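Nothing in this text is a laboratory measurement; each read-out follows from the coordinates by a stated rule. We place every Cβ from the backbone using ideal geometry, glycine too, and count neighbours over all the protein chains shown.
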Protein chains: 4
Amino acid sequence: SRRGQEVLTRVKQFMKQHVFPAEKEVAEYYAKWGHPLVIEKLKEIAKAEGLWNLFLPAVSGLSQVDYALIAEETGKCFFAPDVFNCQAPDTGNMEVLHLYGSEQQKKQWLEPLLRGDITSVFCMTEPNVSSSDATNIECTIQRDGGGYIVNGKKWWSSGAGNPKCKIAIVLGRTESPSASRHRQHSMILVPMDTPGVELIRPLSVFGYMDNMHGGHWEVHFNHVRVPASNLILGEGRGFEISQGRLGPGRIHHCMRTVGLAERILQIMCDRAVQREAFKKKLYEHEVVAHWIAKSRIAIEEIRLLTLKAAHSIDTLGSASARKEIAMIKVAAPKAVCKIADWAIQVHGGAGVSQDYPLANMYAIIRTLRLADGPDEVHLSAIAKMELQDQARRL
Amino acid sequence: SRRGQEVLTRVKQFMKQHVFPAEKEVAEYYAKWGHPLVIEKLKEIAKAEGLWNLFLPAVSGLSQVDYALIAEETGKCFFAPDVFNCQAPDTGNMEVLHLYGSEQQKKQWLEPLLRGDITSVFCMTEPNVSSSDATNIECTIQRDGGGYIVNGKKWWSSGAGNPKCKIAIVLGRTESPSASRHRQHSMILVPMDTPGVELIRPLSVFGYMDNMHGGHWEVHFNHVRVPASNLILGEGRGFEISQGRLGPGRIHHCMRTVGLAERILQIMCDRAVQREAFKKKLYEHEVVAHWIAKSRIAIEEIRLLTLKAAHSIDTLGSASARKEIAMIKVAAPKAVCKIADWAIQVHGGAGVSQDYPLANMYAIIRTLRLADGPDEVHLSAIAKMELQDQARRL
Amino acid sequence: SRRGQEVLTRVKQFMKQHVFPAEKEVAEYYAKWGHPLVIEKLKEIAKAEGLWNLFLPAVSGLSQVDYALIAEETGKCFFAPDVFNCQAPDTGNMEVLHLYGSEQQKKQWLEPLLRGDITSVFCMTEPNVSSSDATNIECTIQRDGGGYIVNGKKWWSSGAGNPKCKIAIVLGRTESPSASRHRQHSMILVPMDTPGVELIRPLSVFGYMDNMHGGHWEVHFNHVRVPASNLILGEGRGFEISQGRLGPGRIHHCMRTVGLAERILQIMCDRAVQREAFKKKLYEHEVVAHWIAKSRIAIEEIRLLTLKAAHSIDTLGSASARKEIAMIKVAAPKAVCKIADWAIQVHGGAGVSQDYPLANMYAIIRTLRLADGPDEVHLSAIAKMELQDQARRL
Amino acid sequence: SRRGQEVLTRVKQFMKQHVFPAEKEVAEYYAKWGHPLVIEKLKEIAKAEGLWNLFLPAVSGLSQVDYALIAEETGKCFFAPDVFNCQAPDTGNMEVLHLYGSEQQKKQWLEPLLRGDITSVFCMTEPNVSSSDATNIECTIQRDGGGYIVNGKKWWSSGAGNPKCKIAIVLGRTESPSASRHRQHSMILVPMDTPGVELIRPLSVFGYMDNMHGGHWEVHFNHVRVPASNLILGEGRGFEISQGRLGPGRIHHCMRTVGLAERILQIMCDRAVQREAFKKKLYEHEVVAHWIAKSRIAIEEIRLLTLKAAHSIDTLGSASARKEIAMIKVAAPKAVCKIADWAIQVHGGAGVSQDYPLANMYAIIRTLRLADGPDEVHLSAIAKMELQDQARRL
Ligand SMILES: Cc1cc2nc3c(=O)[nH]c(=O)nc-3n(C[C@H](O)[C@H](O)[C@H](O)COP(=O)(O)OP(=O)(O)OC[C@H]3O[C@@H](n4cnc5c(N)ncnc54)[C@H](O)[C@@H]3O)c2cc1C
Ligand SMILES: Cc1cc2nc3c(=O)[nH]c(=O)nc-3n(C[C@H](O)[C@H](O)[C@H](O)COP(=O)(O)OP(=O)(O)OC[C@H]3O[C@@H](n4cnc5c(N)ncnc54)[C@H](O)[C@@H]3O)c2cc1C
Ligand SMILES: Cc1cc2nc3c(=O)[nH]c(=O)nc-3n(C[C@H](O)[C@H](O)[C@H](O)COP(=O)(O)OP(=O)(O)OC[C@H]3O[C@@H](n4cnc5c(N)ncnc54)[C@H](O)[C@@H]3O)c2cc1C
Ligand SMILES: Cc1cc2nc3c(=O)[nH]c(=O)nc-3n(C[C@H](O)[C@H](O)[C@H](O)COP(=O)(O)OP(=O)(O)OC[C@H]3O[C@@H](n4cnc5c(N)ncnc54)[C@H](O)[C@@H]3O)c2cc1C
């Protein structure tokens, strides 16, 4: 679309003018769970210029392909999505509140989230059970008179340490014997200021604490009392809302991963051209050149897959495109992990040190094979859908 | 396009009605370098219905995307491309004669090729040198008074054993010291009936002789006298014509390979559903299901890459899209080889026997990593182009 | 041992003097299920010099390490094991008859097998079921008065087309409700001259019929009447005898595969040194050199694994070393397959043709991942044993 | 040997009694470049019991196989080698001073190193050049009257931050036009207390600073004046001493890596047995079980390769076994990296957090593909030696 191209050009100009020059200051600030003043100034400027809430089609008037290209543009910096209010944790919560939810819930939580006043956290993983299977959730949401009681322990809650975090969406189980085997979980809105909500400890990733994004935390809900109006949809529709939330998050992460892979490839090519070993440059060795070629091929393939998934979501819907989302979720992280490992090996001993962003990049990409579900469950789902498709064809 | 969709539907109906039922008869006939009468009847029927010369846009009025889908449809059978006059050896020669060549050359050779009266063979590989580097060609094309003399030995000439083969395009070298380092080779039209042209022996592929397609032969040119009007373009433009010929052949092969991969995946899924081992079906074992999922992901990726290359050729040109062609040529054969190996392993001991087409399929796909240039030279070319692109960006 | 070293030196001299020069004649003879006179002369010479039955410790007085080195020596030729009476099909049957069996059975069948008068065939695979799980065998061995009745269809029976094949060992099931879940199968000796035994058709491997080794056949047993004295051990001990037969066959195949890999690596290095492409030799390209290095590393690793398994069998026994045999059976075929594929790619288009033995080599190695059980069942067995070992340690 | 077995049993008892229980205290101490008192007490106890300097055959009276098993035992803990005075940085310097060096140098530096009074650091890598090629070293060691002047910048110097570090071995270049192309570098002993030696900054590995081992530092030598008696051997023998130092370090690292891989496999098996997902345990999924089986196979292979290299060094010498050392250096890190990645994936999100040692383990193993030379230079060396061997055979 013409609007998509215009917004993409404006976003590229905004990044090249403001976002990249502030990287050194942002890194020096974090070398303690909030944002420095540079990010707030950038957010104000982006609000002024209209580069705000580009992820939500109902607000920005953009399709999934246009925002796919835009998110590919903003995936080259680790704090750029937060400048445009398109960061990973809160976007899913805004989508959940926009799709499902009452007028009171929207006016109370979605508007401050849209304006950037507050941030949100999504917590559904337990530390003592296998949470890749969503039926293993043991946190309870029991009705107690006129309200609800939330009691459980959470795990890997991203962004809970941010001082602006005021609302949470908690997935817990309700005992409903008369219901089906899937109508046993519900989502509830729990304010972080409610008595009984405790932040236990932050969680590290390969020795990185990720203070820029608020960190990952262990949260305890000790008999938290919540009004009955904070329950999203009904008392047994947690799985449906989770499925609705999942897809867009995965596609946005895949676009950002494509952008990050492009940045990594640029860095690796620069290093290969610059350095000389054994009386020749690094790219003159065929192994490095073949690494570069394979990286380019993989980047092109994953970008095409993500664009296909975005077009399918546009033309059909978010519920009739689960296979494409599963395929891109399987495909992107492994390819970008291989590219990052090749770049680290090309840079040598400096590839693991703090002189380059390759080590933190590798850690973040490595966590992409576990967050939002491991790759094995997605492979099983793809196999099941493919077998159903073959049975229908035959 | 609407015409593309209509022709695709007609082609699908034609295959399902005529081509697949004749597979058993065609296989029994070959269980000796020509075609049985069933193929000739199918060719006559296809000529009547207008499903003729679909590969050439100037004749069929189709873009590269429409024919990409059509060739994906016809890639599921090993003799289907010959039914529609879209077989690998002669298509490149028709493209060469259509792009370059005089009116006399066109009227003499392209029209019988277009009508299907005769077939052609392209020979540029020598047995005693490394022919992956085109500067190693030692066959000579010397001007002798009013004509030319062709003297050399050829290698892996596909389709030379067909009785309908009457014309050849031979790549040889001419001694031109005043010319550049690339203007040393030329292409000449050599009729197979010329004295001095000898067929030495056929060449086998993993123990398969491939009599259906005319086989692969060693050809000797012993002082062949050829008129000066049989030289295509000039006396030093062999490389340019070779580059013009190369790309469309690769893209058509990639589309047919995608179709073959789809057929292989269907066979493997059928076997996995049917068989039971260790008190469960084969797909109930997670390794087989993950094989199926990875095969589907790879098929989708290679199809998207081929469609991207076809669209780029449509919108820009065959000379400004070499990078995409190189990427698809690298990507498709390895993925389809892995899929075929997985299918053979799934079928067990019967995966290598004559009860299934998987072994011949694997042999043919394995030769795709060597024919039309190995994968390593393409990887080097991709690396060079990517480095140039990075230098231009920086 | 000193005897092992002396026999190894004598075997090396015998190969270099007689076996390699006859390769061209043997190949020309087969370019129809028996042996040419050259092989018979070589067998007579080997009998005269005492290089006979080197595989059996009770006859040759050699341990498993000495014969491991000897079989590594004889693995470089495809008919060399038959010169020393150490070929794959009959060796297992000799081991079975030597370990288990009565005096009458030994005097009737093992002595002609030891002298080389007759050959044997082992058949336990069915065409219409999954035979990787041995409980799926549907062939019946019912007691009928004073004898037994064998009724079933066999599959992939190696060596059944040899005119010297006179005896077979057939695995079938007996209905014994009072027995356990494993005491349901038995092995019986069935002469090939018995009425009701039919050879149906030979089976091809990638288009190779393997006439040198007698081929692989489909055999039908149509109500074959057999005396009760032809039953090995008891009526429900088939699994035990099968387990006893399995291990030595696998270790001998692994040693021969190591030898074949060494030959393949020598051929590939010769080609890489000889040829020149793009103004440099093939080994001057780093990819080819890295292929060579990885091939050498893999060869060393698999040889060490096989020697470890042989020493373990020597010092402990064939029943307390199943884990090592499973590991070598998993490890050797994949590494040698990768080496063969690299060599084929190095040779170029000639790597698939009949000018070199690489294509037939690849086909034979590819069948090693399916014969004597697939790799997946061995991986599952290794995982089970490793979990038991960890539980015992903890 | 009997002594080797007795010392191995004593070492196993010592570890199980003292080293493992202190892991929690050691971890809590570091959660600042020296050792806590627990390690010093363990060192005193090990000195009392005679488990001291087990790496040096001239002191312990042990071969390379016995110490290979012992180092495999001590590779399961990250501070265990330091308890027995067998830690990576100083062992190479002790070997260098033991092989080469004068009586004064030995009495001054080797004896305090042997008794554990001081530690050493080896520095030969420069930050601004490619140091994988040893001819790129730009640090200068110029003779200045009665002594030497060392001027250069070092990089990744391990253990320089330890307060006990008093001596260094620096590799620099000397301008000798009359000498050969390899006699251009020399090794000199530089005390850390000499004026002009500066510690610039520590270097991180994936966000880990590794304070336990003294860290990795950037060191500057600003016109350091050193007496002429501190030069090891001559003024142009740096390469020879470097080659002598290299091999034993690699073999010890490989043995410790095998031990670490065994520990990782034990942890992964424990997790797979414990956890349950999708109504079954983790090992009941075939992918996890196949991961376990492949890990066991790889561990066995690398252990056999290391033992073969140790036996070859014992029976022939450290100069006629470079091929085996290169092969093990290539083989061990990649296999252990794959095993560690599989274990991290098995543990899920907790695989990257601080609750388990898998993330730090992966970082340390990942640096093993770069330290002591990258894998690509070793692959090139192996290819060269293999080509020489093939040429000699032919
Ligand atoms: C944990 C750790 C500890 C260390 N400790 C020490 C220490 O105590 N002392 C010390 O002196 N150094 C130490 N180092 C440094 C280490 O020795 C070097 O990083 C390594 O030798 C390579 O040096 P470099 O960084 O200059 O690599 P570079 O040469 O700059 O890397 C270029 C890359 O190109 C590739 N390459 C290079 N040559 C070839 C070729 N011929 N063919 C193909 N590809 C090729 C490789 O992937 C290589 O990594 C340590 C490093 C680490 C990570
Ligand atoms: C060259 C050659 C020679 C042979 N010679 C003989 C001979 O002399 N005698 C004889 O009796 N047989 C012989 N065979 C047959 C051979 O033993 C069988 O092919 C093999 O044992 C598997 O039998 P199948 O074909 O029924 O495999 P199937 O069970 O039908 O194959 C199914 C596939 O599923 C997979 N699979 C199976 N179980 C599992 C599991 N638990 N987990 C995961 N994946 C699994 C495997 O990939 C397997 O290949 C020969 C075969 C070949 C190729
Ligand atoms: C089924 C089939 C059909 C064919 N049909 C035809 C036909 O119709 N017409 C025709 O002219 N030819 C045909 N060929 C031949 C084919 O084009 C050649 O085999 C191919 O181009 C390579 O030629 P070569 O055998 O000389 O390879 P070689 O150059 O001899 O192979 C050397 C090997 O070295 C490697 N290598 C080469 N260059 C590099 C590099 N720069 N970097 C790294 N590695 C490198 C590659 O692995 C290559 O295979 C056919 C081949 C097959 C298998
Ligand atoms: C950086 C990061 C951020 C995160 N942020 C959040 C967040 O904001 N909110 C949140 O709720 N969670 C978050 N998580 C947690 C994440 O969602 C979980 O780690 C993940 O969903 C798996 O949960 P688990 O740890 O219980 O895995 P487990 O189930 O304990 O892992 C077991 C392992 O077994 C394997 N496996 C599982 N099922 C199968 C199967 N069917 N077939 C084969 N293999 C299988 C997989 O390898 C899996 O990793 C985050 C995690 C990370 C690393």
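Rounded to whole Å, give me the distance from the Cα center of the range A:271-287 to that of the range C:23-83.
51 Å
Specify which residue in the list D:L304, D:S320, D:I344 is farthest towards the positive end of the charge dipole of the range D:303-347, using unit charges on the beta carbon of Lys, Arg (+1) and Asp, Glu (-1), about the Cα centre.
D:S320
Would you list C:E95, D:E40 from fewest to most Cβ contacts within 10 Å? Please list the in-between numbers first.
Numbers: C:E95 20, D:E40 13.
With the fewest neighbours first, C:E95, D:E40 line up as D:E40, C:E95.
What dipole magnitude, in Debye to the nearest 20, does chain B give about its Cα centre under +1 on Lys/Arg Cβ and -1 on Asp/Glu Cβ? Please list the in-between numbers first.
Values: 48 positive and 43 negative charges, 110 e Å.
It comes to approximately 520 debye.
To the nearest whole number, what is the average tally of beta carbon atoms from other chains within 10 Å of the beta carbons of peptide B:369-381? Don't skip to the end; give the middle numbers.
Numbers: counts 3, 8, 1, 0, 0, 5, 3, 8, 2, 1, 9, 7, 1.
The mean count of partner-chain Cβ atoms within 10 Å per residue comes to 4.
Using alpha carbons only, what's the Rg to Rh ratio of chain C with Rh from Kirkwood?
Values: Rg = 21.8 Å, Rh = 22.4 Å.
Rg/Rh: 0.98.
For the protein assembly as shown, what are Rg and Dmax over the alpha carbons, in angstrom?
35.6, 109
Is any residue of the range C:355-394 close enough, with backbone N under 18 Å, to a label point placed 7 angstrom from the Cα of C:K334 along the Cα-Cβ axis, and if so, which?
Within reach of a label on C:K334, which here means backbone N under 18 Å from a point 7 Å along Cα→Cβ, the range C:355-394 contributes C:365-387.
How big, on average over all directions, is the shadow cast by the Cα convex hull of the range C:119-232, in nm²? Kindly include the intermediate steps, with their values, before the conclusion.
Working: hull surface 30.1 nm².
Averaged projected area of the range C:119-232's Cα convex hull equals 7.5 nm².
Take the alpha-carbon positions of the range D:2-99, form their convex hull, and give its projected area averaged over all directions (one quarter of the hull surface) in nm². Don't skip to the answer; put the middle values down first.
Numbers: hull surface 25.7 nm².
Dividing the Cα hull surface by four gives the mean projection, 6.4 nm².
Rounded to the nearest 5, what % of the DSSP beta bridges within the protein assembly as shown are antiparallel ones? Don't jump to the answer; show the numbers that get you there.
Numbers: 116 of 140 bridges.
So the antiparallel bridges in the protein assembly as shown amount to around 85 percent.
What average count of beta carbons from other chains do you get within 10 Å of the Cβ of residues in A:295-304?
Working: counts 2, 8, 10, 3, 0, 10, 11, 2, 2, 8.
Across A:295-304, the average partner-chain Cβ count within 10 Å equals 6.
Past 31 Å, Cα to Cα: identify those pairs from A:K280/C:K294; B:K47/B:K166; C:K16/C:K154; D:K12/D:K334, in the order given. Don't jump to the answer; show the numbers that get you there.
Working: A:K280/C:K294 24 Å; B:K47/B:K166 22 Å; C:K16/C:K154 39 Å; D:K12/D:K334 27 Å.
Beyond 31 Å between Cα atoms: C:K16/C:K154.
Any idea what the C:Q105 label distances to the other copies are, label 7 Å down the Cα→Cβ vector, nm, shortest first?
Result, one decimal in nm: 7.3, 7.5, 7.7.
Given Cβ point charges of +1 (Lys, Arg) and -1 (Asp, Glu) and nothing else, what value in debye, to the nearest 20, does the dipole of the range B:239-393 about its Cα centre take? The partial results should precede the final answer.
Values: 23 positive and 17 negative charges, 20 e Å.
The dipole of the range B:239-393 has a size of about 100 debye.
For peptide D:282-293, compute the average count of partner chain beta-carbon atoms within 10 Å of each residue's beta-carbon.
On the way: counts 1, 4, 1, 5, 11, 8, 3, 9, 9, 2, 7, 15.
Per residue, the average neighbour count from other chains is 6.
By counting other Cβ atoms within 10 Å of each Cβ, how are D:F14, D:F122 ranked from fewest to most? Spell out each step's value before the answer.
Numbers: D:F14 20, D:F122 24.
Listing D:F14, D:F122 from fewest to most nearby Cβ atoms yields D:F14, D:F122.
Principal axis extents for the range A:239-393, Cα atoms only, whole Å, descending order, please.
On the principal axes, the range A:239-393 reaches 60, 32, 25 Å in Cα extent.
Take B:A27, project a point 7 Å from its Cα along the Cβ direction, then tell me which residues of the range B:339-360 have their backbone nitrogen under 11 Å from it.
B:354-360
How high is the relative contact order of the range C:254-394, in percent, with contacts defined as C-alpha pairs under 8 Å that are six or more residues apart?
Values: 117 pairs, mean separation 37.9, N = 141.
It rounds to 27 percent for the range C:254-394.
State the Cα centre-to-centre distance between the range C:194-252 and the range A:304-353 in whole Å.
51 Å
Restricting the calculation to Cα positions, tell me the Rg (one decimal) and the Dmax (whole number) of the range C:131-195 in Å.
Cα-based Rg and Dmax for the range C:131-195 come out at 13.1, 41 Å.
Any idea which of C:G116, C:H220, C:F84 is furthest toward the positive side of the dipole for chain C, if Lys and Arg beta-carbons carry +1 and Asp and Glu beta-carbons -1?
Working it through, the farthest residue towards the positive pole turns out to be C:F84.
If you draw the axis that swings chain D onto chain B, which residue of D has its Cβ closest to it, and how far is that in whole Å?
D:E286, 2
Could you give the dipole magnitude of the protein assembly as shown about its Cα centre, charging the beta-carbon of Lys and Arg +1 and that of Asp and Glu -1, in debye to the nearest 20?
Numbers: 192 positive and 172 negative charges, 0 e Å.
Roughly 0 debye, rounded to the nearest 20.
For n ≥ 4 DSSP H runs only, could you compute -39500 (n - 2.57) per run for the protein assembly as shown, divide by its residues and tell me the 222 nm figure to the nearest 500?
Working: 52 runs with 764 residues, N = 1576.
That calculation yields -16000 deg cm²/dmol at 222 nm.
Taking the label point as lying 7 angstrom from Cα along the Cα-to-Cβ axis, what are the distances from C:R181 to the corresponding position in the remaining copies, in ascending order and in nanometres?
Between copies, matching label points for C:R181 lie 2.4, 6.9, 7.2 nm apart.
Peptides D:357-363, C:127-133: what's the order by average Cβ count within 10 Å, highest mean first? Intermediate results must be reported in sequence, preceding the final value.
Details: D:357-363: 21.3, C:127-133: 15.7.
Highest mean packing first, the order is D:357-363, C:127-133.
Place the label 7 angstrom along Cα→C-beta at A:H311 and in each other copy, then list the distances from the first to the rest in nm, shortest first.
Ordered by distance, the counterparts are at 0.4, 6.1, 6.1 nm.
Which distance in Å, rounded to a whole number, links the C-alpha centroids of the range B:358-388 and the range C:161-188?
Using only Cα atoms to place each centre, the spacing works out to 49 Å.
With each label point set 7 Å from Cα along the Cα-Cβ vector, what nm distance links B:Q13 and A:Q17?
So the label points at B:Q13 and A:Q17 sit 5.8 nm apart.
Can you compute the radius of gyration and Dmax for the range D:42-109, using only the Cα atoms, both in Å?
12.6, 37
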